[PDB]
Every structure is written in C-alpha cells, then in structure tokens.
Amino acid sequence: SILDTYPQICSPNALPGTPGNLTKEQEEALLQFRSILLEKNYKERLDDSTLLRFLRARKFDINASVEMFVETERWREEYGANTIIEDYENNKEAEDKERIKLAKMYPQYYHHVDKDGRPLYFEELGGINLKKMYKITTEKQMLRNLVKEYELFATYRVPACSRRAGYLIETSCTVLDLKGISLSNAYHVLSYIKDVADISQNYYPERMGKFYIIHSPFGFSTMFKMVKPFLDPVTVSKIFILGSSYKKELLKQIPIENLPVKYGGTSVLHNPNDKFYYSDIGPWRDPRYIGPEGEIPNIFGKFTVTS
C-alpha cells in the first residue's frame, strides 16, 4: 500500500508508545487491539501508526481505544471525511475561489518544517473582522475547511515529510499569531473553538506536536482557561502561550532558515512580491519526496505560491 512507500518507524528520540519505540506490553496491546478491530470487520486504517495514535490517546486502555476508533470510523463516514479530498477535486474551482476570498483576512499556511521535520503551520488572526468574514463563509464551512486540511496533512504532508526526515512524522508544529486581535473577540469565538476541539480531540488523536500562541492580548491566558475544559491535559501540555521573547523561544524548535522574518527567522519567498497567505512551501512540493499519492492539490488555485 501507500504506507509501504514511506517510513513507518518514528525517530528513536521520540516519546514512548510511538511506532518503533514500544515497550513489550505496548506491543502486545497493539496486537490485541488490531485483532479485536479485525474481528469486528474493520479493514482500513489498521496500520501501526494509526492504531498507536488511538492507543496513546487512551493510555493503552484497549477497550477505551476500541470505542474511540469505532466512533471515529462512524464519524468519518457520516461527515464524509473519507471522500472530502475527492469531493473537493470535483468542485475545485468554486472552492478555490472561496479560500482566495478569505486568505488575506485569515492567513492559514504551511511553511517548511520544524527541527524534527514536522510540517510547520501558521495562522494569523489579527486581520479577521467577524462581520465581514461571515459574509463570505459560515462557521460550519470553516470547520469543514479545517477537516479537509487534516486530511491533506495525512495524505500528502505526512508521507513527504517522513521520506525527507527518514522516519515517520505524524504531527505538526503550529504557530497562532494573535497580533491585532482584541480580548473581546477571543471570548466571542469560544463556540467555534469548542467545535474545533471536539472534532480534533475525538477524531484526530495524537496529531498535535507543538502549538505556540504568540502576540496574544493581555488577559489571554485567562480567556484560555475557558478553552481547557474542551481539551485533554495532554493537549494542554503541548500548548505554549509566549510573551516578548517568543522569537528566541521559537528558534529552539524551528530552524532560523525556515522561520519567516517577521517571526524571528530569515525565511523569504522566491518572489518578494508574493504573499505568505497564498503560499504552501514544503517537502510535499519536492519531486524527490512525493510518492504514489501524487502531489497535493493547490488550495489557492492559480494564486498558489509554491516557492
């Protein structure tokens, strides 16, 4: 299968319970977990990486992991996550135009990788005007866009980055820039954040590698306490709200050459006139690391900056 075309073993320097770094009891639990799912007639997504993500999400409690997997398979089918990429490619023009309309006001882009080879994802929220934003998109539409990105990440970004790093990469490094937002709006979008967390926590286990929140407004940490009840403590332990020294802090995790100049690095686009909010630069754009899955589609249509 496609999995035979890229490393399925994590770096030996990874956390416990990850592919290739299992204890004897974890190996036995994985074998039992798969056996149960197969006997329940499941066939897809039974690979070590996928199954270990669920097992880690439930501390290797096999029955709890079976419940989580069973419910996820249900959701993927009811929500259409299994055909989200195909459906997109069958109505690409219309969908591309929508993303282009929102790109400048709500930058969302991947730009290279972190020191461990994880896709580096950036979001800028300071230019968002809710009134204007909801004239172009709906809340559910934004949620579906995020789910589509989750699928593109697993389908195209994971394989390319794993082949580049020489080992399995299953998580991302995220940087949320809140420069320009008001504490007020942060509280006002809590319901959306809750929807994102619900889908992400329950159906996309162990996908978070690093998560930084920068340029947050005074009092944001207090506002964040409202979000914690929607997140597991493991997830919370991977989210870091940085202050004035964030530039140096980011450089501990990301190569300076990969980090955009405005965030403390020296990274620039081949064409100085291009915009980061139309870019999608990374290993998934390198012929050497693109496999049988094919190259990722250009989410910003003709405006997509791939270099």
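So that there is no doubt, residue numbering starts at 1 and follows the sequence shown.
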item: 222-230 versus 143-151 - which carries the larger mean C-alpha B factor in the record; value: 222-230
item: Segment of higher mean CA temperature factor, 183-191 or 121-129; value: 183-191
item: Deposited CA B-factor, highest of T50, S35, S267, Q253; value: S267
item: Top Cα B factor in the deposited entry, candidates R99, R76, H112, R157; value: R99
item: For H215, the third of its chain into which the C-alpha B factor falls; value: middle
item: Cα B factor band for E206 (lowest, middle or highest third within the chain); value: lowest
item: Third of the chain, ranked by Cα B-factor, where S200 sits; value: lowest
item: For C161, the third of its chain into which the C-alpha B factor falls; value: lowest
item: Third assignment of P283 from its chain's C-alpha B-factors; value: lowest
